[PDB]
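To start, the structure itself, in structure tokens.
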Amino acid sequence: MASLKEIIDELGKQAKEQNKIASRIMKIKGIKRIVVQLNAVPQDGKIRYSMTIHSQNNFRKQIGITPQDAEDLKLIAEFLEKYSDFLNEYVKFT
Amino acid sequence: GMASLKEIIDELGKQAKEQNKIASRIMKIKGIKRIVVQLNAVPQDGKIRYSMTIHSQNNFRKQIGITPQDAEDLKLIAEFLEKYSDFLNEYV
């Protein structure tokens with residue numbers, strides 16, 4: 001896995017050089033469906049960086065995240081685990 | 001608890017059937033600050049199927065679809081954010 005610095009630097013150059021958003025799907029060990037991207041976003045004559053999560057089935061639907069979202073993500077995982085058997089048995093998902 | 005969630009699920013299906021639309025309810029998860037879970041009752045040709053989506057509370061269009069099987073992915077994302085917190089907070 002590349003360092004966060006190696007990623008930010010490369011995307012920043014791409015964004016500056018191409019004057020567009022440059023993104024990379026992050027390779028995080030064990031993450032199988034949810035996609036995590038780093039984005040270099042040109043704005044106000046400089047480059048800004050963001051981290052976003054997506055499905056592998058629609059990238060335009062996304063949530064921007066920061067370390068401050070860590071607890072929320074864990075609480076959601078805990079909810080899913082708590083009710084996993086119930087939901088899988090009681091409802092048909094689409 | 002499960003008993004409440006069961007009733008919420010049935011009532012959400014009823015609403016979707018009666019109002020001819022997707023009906024949604026935000027799940028009551030204690031301690032959430034920003035990213036909330038929504039249950040959706042989705043009509044498909046006289047059957048109700050369900051979906052779950054997570055959203056930013058400050059902008060519900062910012063969302064992704066999830067299932068119970070995604071618990072591990074969410075924990076791994078959280079753990080990544082924790083491990084690299086200092087760098088991310090400074091350079092994001």
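Residue names in the structure tokens use chain letters A, B, ... in the order shown, residue numbers from 1 in each chain, and ligand numbers from 1 in the order shown.
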
Within 6 Å of chain B, which residues of chain A come that close, and what is the closest atom pair and distance in Å for each? Count only C-alpha atoms and give it as a tab-separated table.
residue	atom	partner	partner_atom	distance
A:31	CA	B:73	CA	5.0
A:49	CA	B:92	CA	4.8
A:50	CA	B:92	CA	5.4
A:61	CA	B:64	CA	5.6
A:62	CA	B:63	CA	5.2
A:63	CA	B:62	CA	5.0
A:67	CA	B:81	CA	4.7
A:70	CA	B:78	CA	4.4
A:72	CA	B:32	CA	5.4
A:73	CA	B:74	CA	5.7
A:74	CA	B:75	CA	5.6
A:77	CA	B:71	CA	4.4
A:80	CA	B:68	CA	4.8
A:84	CA	B:68	CA	5.3
A:92	CA	B:49	CA	5.4
A:93	CA	B:50	CA	4.6
A:94	CA	B:49	CA	5.5

*DSSP alpha helix (DSSP H) selection over chain A, as a ChimeraX atom specification*: /A:4-18,70-90

*May I have the residues within 10 Å of residue 13 in chain A as a ChimeraX atom specification, using only C-alpha atoms and disregarding those fewer than 4 positions away in the same chain?*
/A:8-9,17-19,22,40,47

*Could you state the separation of CA of residue 16 in chain A and CA of residue 46 in chain A in Å, given to one decimal place?*
8.1 Å

_What parts of range 47-92 of chain A does DSSP call strand (DSSP E or B)? I'd like the answer as a list in words._
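After running DSSP on the backbone, range 47-92 of chain A has strand (DSSP E or B) at residues 47, 48, 49, 50, 51, 52, 53, 54, 63, 64 and 65 of chain A.
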
*For residue 39 in chain A, which residue among A:66, A:55, A:11, A:89 is the nearest when counting only C-alpha atoms?*
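Among the listed residues, A:11 lies closest to residue 39 in chain A.
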
_I'd like the neighbourhood of residue 38 in chain A as a PyMOL selection string, where a residue qualifies if any of its atoms comes within 6 Å (using only C-alpha atoms), though same-chain residues fewer than 4 positions away should be ignored._
chain A and resi 23-24+50-51

*asked:* Let me make sure I understand: among A:37, A:75, A:91, A:85, which one has the smallest atom-to-atom distance to residue 39 in chain B if we use only C-alpha atoms?
replied: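 Comparing A:37, A:75, A:91, A:85 against residue 39 in chain B, the winner is A:91.
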